[PDB]
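Structure file final_13.csv; described as CSV, N, CA and C atoms.
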```csv
chain,number,residue,atom,x,y,z
I,1,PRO,N,-21.5,11.3,11.7
I,1,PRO,CA,-20.4,10.5,12.0
I,1,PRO,C,-19.2,10.5,11.0
I,2,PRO,N,-18.0,10.0,11.5
I,2,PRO,CA,-16.8,9.9,10.6
I,2,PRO,C,-17.1,9.1,9.4
I,3,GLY,N,-16.6,9.5,8.2
I,3,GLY,CA,-16.8,8.7,7.0
I,3,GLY,C,-16.2,7.4,7.1
I,4,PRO,N,-16.3,6.5,6.1
I,4,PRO,CA,-15.7,5.2,6.1
I,4,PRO,C,-14.2,5.3,5.9
I,5,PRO,N,-13.5,4.3,6.3
I,5,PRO,CA,-12.0,4.4,6.0
I,5,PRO,C,-11.8,4.3,4.5
I,6,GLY,N,-10.6,4.8,4.2
I,6,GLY,CA,-10.2,4.8,2.8
I,6,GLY,C,-9.7,3.5,2.2
U,1,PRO,N,-25.4,13.7,7.8
U,1,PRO,CA,-25.0,12.5,7.1
U,1,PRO,C,-23.5,12.1,7.4
U,2,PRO,N,-23.1,10.9,7.2
U,2,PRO,CA,-21.8,10.5,7.5
U,2,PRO,C,-20.9,11.3,6.6
U,3,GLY,N,-19.6,11.5,7.0
U,3,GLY,CA,-18.7,12.3,6.2
U,3,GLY,C,-18.2,11.5,5.0
U,4,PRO,N,-17.2,12.0,4.3
U,4,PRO,CA,-16.6,11.3,3.1
U,4,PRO,C,-15.6,10.3,3.5
U,5,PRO,N,-15.3,9.4,2.6
U,5,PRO,CA,-14.4,8.3,2.8
U,5,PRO,C,-13.0,9.0,3.1
U,6,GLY,N,-12.2,8.2,3.8
U,6,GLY,CA,-10.8,8.7,4.1
U,6,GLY,C,-9.9,8.6,2.9
A,1,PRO,N,-37.5,21.5,18.6
A,1,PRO,CA,-36.3,20.6,19.0
A,1,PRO,C,-35.2,20.6,18.0
A,2,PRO,N,-34.0,20.2,18.5
A,2,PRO,CA,-32.8,20.1,17.6
A,2,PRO,C,-33.1,19.3,16.3
A,3,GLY,N,-32.6,19.7,15.2
A,3,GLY,CA,-32.8,18.9,14.0
A,3,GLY,C,-32.2,17.5,14.1
A,4,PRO,N,-32.3,16.7,13.0
A,4,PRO,CA,-31.7,15.4,13.1
A,4,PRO,C,-30.2,15.5,12.9
A,5,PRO,N,-29.4,14.4,13.2
A,5,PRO,CA,-28.0,14.5,13.0
A,5,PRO,C,-27.8,14.5,11.5
A,6,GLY,N,-26.5,14.9,11.1
A,6,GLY,CA,-26.2,15.0,9.7
A,6,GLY,C,-25.7,13.7,9.1
L,1,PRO,N,-41.4,23.9,14.8
L,1,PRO,CA,-40.9,22.6,14.1
L,1,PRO,C,-39.5,22.3,14.4
L,2,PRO,N,-39.1,21.1,14.2
L,2,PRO,CA,-37.7,20.7,14.4
L,2,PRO,C,-36.8,21.4,13.5
L,3,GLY,N,-35.6,21.7,14.0
L,3,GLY,CA,-34.7,22.4,13.1
L,3,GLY,C,-34.2,21.6,12.0
L,4,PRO,N,-33.2,22.2,11.2
L,4,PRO,CA,-32.6,21.5,10.1
L,4,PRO,C,-31.6,20.5,10.5
L,5,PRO,N,-31.3,19.5,9.6
L,5,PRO,CA,-30.3,18.5,9.8
L,5,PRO,C,-29.0,19.1,10.1
L,6,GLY,N,-28.1,18.4,10.7
L,6,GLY,CA,-26.8,18.9,11.1
L,6,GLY,C,-25.9,18.7,9.9
Q,1,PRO,N,-9.4,3.5,0.9
Q,1,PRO,CA,-9.0,2.3,0.2
Q,1,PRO,C,-7.5,2.0,0.5
Q,2,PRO,N,-7.2,0.7,0.3
Q,2,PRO,CA,-5.8,0.3,0.5
Q,2,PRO,C,-4.9,1.1,-0.4
Q,3,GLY,N,-3.6,1.3,0.0
Q,3,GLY,CA,-2.7,2.1,-0.8
Q,3,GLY,C,-2.2,1.3,-2.0
Q,4,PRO,N,-1.3,1.8,-2.7
Q,4,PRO,CA,-0.6,1.2,-3.9
Q,4,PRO,C,0.4,0.2,-3.5
Q,5,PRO,N,0.6,-0.8,-4.4
Q,5,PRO,CA,1.6,-1.9,-4.1
Q,5,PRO,C,2.9,-1.2,-3.8
Q,6,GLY,N,3.8,-2.0,-3.2
Q,6,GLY,CA,5.1,-1.5,-2.8
Q,6,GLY,C,6.1,-1.6,-4.0
T,1,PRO,N,-5.5,1.1,4.7
T,1,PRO,CA,-4.4,0.3,5.1
T,1,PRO,C,-3.2,0.3,4.1
T,2,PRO,N,-2.1,-0.2,4.5
T,2,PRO,CA,-0.9,-0.3,3.7
T,2,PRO,C,-1.2,-1.1,2.4
T,3,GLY,N,-0.6,-0.7,1.3
T,3,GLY,CA,-0.9,-1.4,0.1
T,3,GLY,C,-0.2,-2.8,0.2
T,4,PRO,N,-0.3,-3.7,-0.9
T,4,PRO,CA,0.3,-5.0,-0.9
T,4,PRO,C,1.8,-4.9,-1.1
T,5,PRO,N,2.5,-5.9,-0.7
T,5,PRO,CA,3.9,-5.8,-0.9
T,5,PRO,C,4.2,-5.8,-2.4
T,6,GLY,N,5.4,-5.4,-2.8
T,6,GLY,CA,5.8,-5.3,-4.2
T,6,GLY,C,6.3,-6.7,-4.8
D,1,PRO,N,6.5,-6.7,-6.1
D,1,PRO,CA,7.0,-7.9,-6.8
D,1,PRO,C,8.4,-8.2,-6.5
D,2,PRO,N,8.8,-9.5,-6.7
D,2,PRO,CA,10.2,-9.9,-6.5
D,2,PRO,C,11.1,-9.1,-7.4
D,3,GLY,N,12.3,-8.8,-6.9
D,3,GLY,CA,13.2,-8.1,-7.7
D,3,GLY,C,13.7,-8.9,-8.9
D,4,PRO,N,14.7,-8.4,-9.7
D,4,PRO,CA,15.3,-9.0,-10.8
D,4,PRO,C,16.3,-10.0,-10.4
D,5,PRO,N,16.6,-11.0,-11.3
D,5,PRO,CA,17.6,-12.0,-11.1
D,5,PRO,C,18.9,-11.4,-10.8
D,6,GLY,N,19.8,-12.1,-10.1
D,6,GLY,CA,21.1,-11.7,-9.8
D,6,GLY,C,22.0,-11.8,-11.0
C,1,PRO,N,10.4,-9.1,-2.3
C,1,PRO,CA,11.6,-9.9,-1.9
C,1,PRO,C,12.8,-9.9,-2.9
C,2,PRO,N,13.9,-10.3,-2.4
C,2,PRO,CA,15.1,-10.4,-3.3
C,2,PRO,C,14.8,-11.3,-4.6
C,3,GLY,N,15.4,-10.8,-5.7
C,3,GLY,CA,15.1,-11.6,-6.9
C,3,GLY,C,15.8,-13.0,-6.8
C,4,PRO,N,15.6,-13.8,-7.8
C,4,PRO,CA,16.2,-15.2,-7.8
C,4,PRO,C,17.8,-15.1,-8.0
C,5,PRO,N,18.5,-16.1,-7.7
C,5,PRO,CA,19.9,-16.0,-7.9
C,5,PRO,C,20.2,-16.0,-9.4
C,6,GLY,N,21.4,-15.6,-9.8
C,6,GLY,CA,21.8,-15.5,-11.2
C,6,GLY,C,22.2,-16.8,-11.8
S,1,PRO,N,22.5,-16.8,-13.1
S,1,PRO,CA,23.0,-18.0,-13.7
S,1,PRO,C,24.4,-18.4,-13.5
S,2,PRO,N,24.8,-19.6,-13.6
S,2,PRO,CA,26.2,-20.0,-13.4
S,2,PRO,C,27.1,-19.2,-14.3
S,3,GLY,N,28.3,-19.0,-13.9
S,3,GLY,CA,29.2,-18.3,-14.7
S,3,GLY,C,29.7,-19.1,-15.9
S,4,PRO,N,30.7,-18.5,-16.6
S,4,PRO,CA,31.3,-19.2,-17.8
S,4,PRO,C,32.3,-20.2,-17.4
S,5,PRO,N,32.6,-21.2,-18.3
S,5,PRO,CA,33.6,-22.2,-18.1
S,5,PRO,C,34.9,-21.6,-17.8
S,6,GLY,N,35.8,-22.3,-17.1
S,6,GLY,CA,37.1,-21.8,-16.8
S,6,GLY,C,38.0,-22.0,-18.0
E,1,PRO,N,26.4,-19.2,-9.2
E,1,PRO,CA,27.6,-20.1,-8.9
E,1,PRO,C,28.7,-20.0,-9.8
E,2,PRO,N,29.9,-20.5,-9.4
E,2,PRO,CA,31.1,-20.6,-10.2
E,2,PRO,C,30.8,-21.4,-11.5
E,3,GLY,N,31.3,-21.0,-12.7
E,3,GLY,CA,31.1,-21.8,-13.9
E,3,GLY,C,31.8,-23.2,-13.8
E,4,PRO,N,31.6,-24.0,-14.8
E,4,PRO,CA,32.2,-25.3,-14.8
E,4,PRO,C,33.7,-25.2,-15.0
E,5,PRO,N,34.5,-26.3,-14.6
E,5,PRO,CA,35.9,-26.2,-14.8
E,5,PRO,C,36.2,-26.2,-16.3
E,6,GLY,N,37.4,-25.8,-16.7
E,6,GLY,CA,37.7,-25.7,-18.1
E,6,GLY,C,38.2,-27.0,-18.7
W,1,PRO,N,-40.6,29.4,17.0
W,1,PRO,CA,-39.6,29.3,15.9
W,1,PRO,C,-39.0,28.0,15.7
W,2,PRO,N,-38.5,27.7,14.5
W,2,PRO,CA,-37.9,26.3,14.4
W,2,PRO,C,-36.8,26.1,15.5
W,3,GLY,N,-36.3,24.9,15.6
W,3,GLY,CA,-35.3,24.6,16.6
W,3,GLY,C,-34.0,24.8,15.8
W,4,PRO,N,-32.8,24.7,16.5
W,4,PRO,CA,-31.5,24.9,15.9
W,4,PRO,C,-31.1,23.6,15.1
W,5,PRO,N,-30.1,23.8,14.3
W,5,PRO,CA,-29.5,22.7,13.5
W,5,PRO,C,-29.3,21.5,14.4
W,6,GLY,N,-29.1,20.3,13.9
W,6,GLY,CA,-28.8,19.1,14.6
W,6,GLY,C,-27.3,18.9,14.7
W,7,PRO,N,-26.9,17.9,15.5
W,7,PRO,CA,-25.5,17.5,15.6
W,7,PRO,C,-24.9,17.1,14.3
W,8,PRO,N,-23.6,17.2,14.2
W,8,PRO,CA,-23.0,16.8,12.9
W,8,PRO,C,-23.1,15.3,12.8
W,9,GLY,N,-22.7,14.7,11.6
W,9,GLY,CA,-22.8,13.3,11.4
W,9,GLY,C,-21.5,12.6,11.8
B,1,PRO,N,-24.6,19.2,10.0
B,1,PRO,CA,-23.6,19.2,9.0
B,1,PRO,C,-23.0,17.8,8.8
B,2,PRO,N,-22.5,17.5,7.6
B,2,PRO,CA,-21.9,16.1,7.5
B,2,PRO,C,-20.8,16.0,8.5
B,3,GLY,N,-20.4,14.7,8.7
B,3,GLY,CA,-19.3,14.5,9.6
B,3,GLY,C,-18.0,14.7,8.9
B,4,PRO,N,-16.9,14.5,9.5
B,4,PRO,CA,-15.5,14.7,8.9
B,4,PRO,C,-15.1,13.5,8.2
B,5,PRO,N,-14.1,13.6,7.3
B,5,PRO,CA,-13.5,12.5,6.6
B,5,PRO,C,-13.3,11.3,7.5
B,6,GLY,N,-13.1,10.1,6.9
B,6,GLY,CA,-12.8,8.9,7.7
B,6,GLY,C,-11.4,8.7,7.7
B,7,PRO,N,-10.9,7.7,8.5
B,7,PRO,CA,-9.5,7.4,8.6
B,7,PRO,C,-8.9,7.0,7.3
B,8,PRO,N,-7.6,7.0,7.2
B,8,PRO,CA,-7.0,6.6,6.0
B,8,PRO,C,-7.1,5.1,5.8
B,9,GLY,N,-6.7,4.6,4.7
B,9,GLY,CA,-6.8,3.1,4.4
B,9,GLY,C,-5.5,2.4,4.8
Z,1,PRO,N,-8.7,9.0,3.0
Z,1,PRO,CA,-7.6,9.0,2.0
Z,1,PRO,C,-7.0,7.6,1.8
Z,2,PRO,N,-6.5,7.3,0.6
Z,2,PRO,CA,-5.9,6.0,0.5
Z,2,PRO,C,-4.9,5.8,1.6
Z,3,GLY,N,-4.4,4.6,1.7
Z,3,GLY,CA,-3.3,4.3,2.7
Z,3,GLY,C,-2.0,4.5,1.9
Z,4,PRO,N,-0.9,4.4,2.6
Z,4,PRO,CA,0.4,4.5,2.0
Z,4,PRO,C,0.9,3.3,1.2
Z,5,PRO,N,1.9,3.4,0.4
Z,5,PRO,CA,2.5,2.3,-0.4
Z,5,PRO,C,2.7,1.1,0.5
Z,6,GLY,N,2.9,0.0,-0.1
Z,6,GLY,CA,3.1,-1.2,0.7
Z,6,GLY,C,4.6,-1.5,0.8
Z,7,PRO,N,5.0,-2.5,1.5
Z,7,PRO,CA,6.4,-2.8,1.7
Z,7,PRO,C,7.1,-3.2,0.4
Z,8,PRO,N,8.4,-3.2,0.3
Z,8,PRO,CA,9.0,-3.6,-1.0
Z,8,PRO,C,8.8,-5.1,-1.2
Z,9,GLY,N,9.3,-5.6,-2.3
Z,9,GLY,CA,9.2,-7.0,-2.5
Z,9,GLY,C,10.4,-7.8,-2.1
K,1,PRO,N,7.3,-1.1,-3.9
K,1,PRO,CA,8.3,-1.2,-5.0
K,1,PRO,C,8.9,-2.6,-5.1
K,2,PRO,N,9.5,-2.9,-6.3
K,2,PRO,CA,10.1,-4.2,-6.4
K,2,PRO,C,11.1,-4.4,-5.4
K,3,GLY,N,11.6,-5.6,-5.2
K,3,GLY,CA,12.6,-5.9,-4.3
K,3,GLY,C,13.9,-5.7,-5.1
K,4,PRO,N,15.1,-5.8,-4.4
K,4,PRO,CA,16.4,-5.7,-5.0
K,4,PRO,C,16.9,-6.9,-5.7
K,5,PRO,N,17.9,-6.7,-6.6
K,5,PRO,CA,18.4,-7.9,-7.4
K,5,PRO,C,18.7,-9.0,-6.4
K,6,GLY,N,18.9,-10.2,-7.0
K,6,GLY,CA,19.1,-11.4,-6.2
K,6,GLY,C,20.6,-11.7,-6.2
K,7,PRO,N,21.0,-12.7,-5.4
K,7,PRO,CA,22.4,-13.0,-5.3
K,7,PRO,C,23.0,-13.4,-6.6
K,8,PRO,N,24.4,-13.3,-6.7
K,8,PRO,CA,25.0,-13.7,-8.0
K,8,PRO,C,24.8,-15.3,-8.1
K,9,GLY,N,25.3,-15.8,-9.2
K,9,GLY,CA,25.2,-17.2,-9.5
K,9,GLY,C,26.4,-17.9,-9.1
V,1,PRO,N,23.3,-11.3,-10.9
V,1,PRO,CA,24.3,-11.3,-11.9
V,1,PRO,C,24.9,-12.7,-12.1
V,2,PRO,N,25.4,-13.0,-13.3
V,2,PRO,CA,26.0,-14.4,-13.4
V,2,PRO,C,27.1,-14.6,-12.3
V,3,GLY,N,27.6,-15.8,-12.2
V,3,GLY,CA,28.6,-16.1,-11.3
V,3,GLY,C,29.9,-15.9,-12.0
V,4,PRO,N,31.1,-16.0,-11.3
V,4,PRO,CA,32.4,-15.8,-11.9
V,4,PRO,C,32.8,-17.1,-12.7
V,5,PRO,N,33.9,-16.9,-13.6
V,5,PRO,CA,34.4,-18.0,-14.3
V,5,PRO,C,34.7,-19.2,-13.4
V,6,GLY,N,34.8,-20.4,-14.0
V,6,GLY,CA,35.1,-21.6,-13.2
V,6,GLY,C,36.6,-21.8,-13.1
V,7,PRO,N,37.0,-22.8,-12.4
V,7,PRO,CA,38.4,-23.2,-12.2
V,7,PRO,C,39.0,-23.6,-13.6
V,8,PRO,N,40.4,-23.5,-13.7
V,8,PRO,CA,41.0,-23.9,-14.9
V,8,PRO,C,40.8,-25.4,-15.1
V,9,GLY,N,41.3,-26.0,-16.2
V,9,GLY,CA,41.1,-27.4,-16.5
V,9,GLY,C,42.4,-28.1,-16.0
```

Write out the structure in this file as structure tokens.
Amino acid sequence: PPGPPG
Amino acid sequence: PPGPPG
Amino acid sequence: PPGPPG
Amino acid sequence: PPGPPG
Amino acid sequence: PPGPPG
Amino acid sequence: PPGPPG
Amino acid sequence: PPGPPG
Amino acid sequence: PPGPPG
Amino acid sequence: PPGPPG
Amino acid sequence: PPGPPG
Amino acid sequence: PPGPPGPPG
Amino acid sequence: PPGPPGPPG
Amino acid sequence: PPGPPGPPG
Amino acid sequence: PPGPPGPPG
Amino acid sequence: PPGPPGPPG
């Protein structure tokens, strides 16, 4: 899955 | 695994 | 079978 | 056997 | 992460 | 997200 | 931050 | 924001 | 700040 | 503001 | 034979 | 494979 | 990635 | 960024 | 900035 937001 | 942070 | 997700 | 992780 | 101050 | 105001 | 005095 | 008045 | 005396 | 009168 | 890679993350 | 980067902040 | 600068003051 | 100067006095 | 001179006396 997509990584965490920055 | 989840990707890297944004 | 397909491996586990990443 | 199951394949490798994605 | 949140960006820098304005 | 946008940083804090200056 | 707030700007300088006038 | 605008600085204080002079 | 207030200006100088007249 | 305007300074004091003279 | 083993199976193929898995889905991305 | 890992997943892609995440959204910006 | 980090987010962009914030608004001015 | 900081804000701009303030009004005169 | 400071304000301007004041009125005369």

- [ ] Take the point (-14.4, 11.8, 5.8) in the file's coordinates, draw a sphere of radius 5 Å around it, and report as a ChimeraX atom specification every protein, DNA or RNA residue with an atom inside or on it, counting all atoms listed in the file.
- [x] /I:3 /U:3-6 /B:4-6

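The spacing separating atom C of residue K:1 from atom CA of residue Z:7 amounts to 7.2 Å.
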
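Taking atom CA of residue K:8 and atom CA of residue Z:9 as the two end points, the separation is 18.0 Å.
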
TODO: Kindly give the distance, in Å, that separates atom CA of residue U:2 and atom CA of residue I:1, rounded to a single decimal.
DONE: 4.7 Å
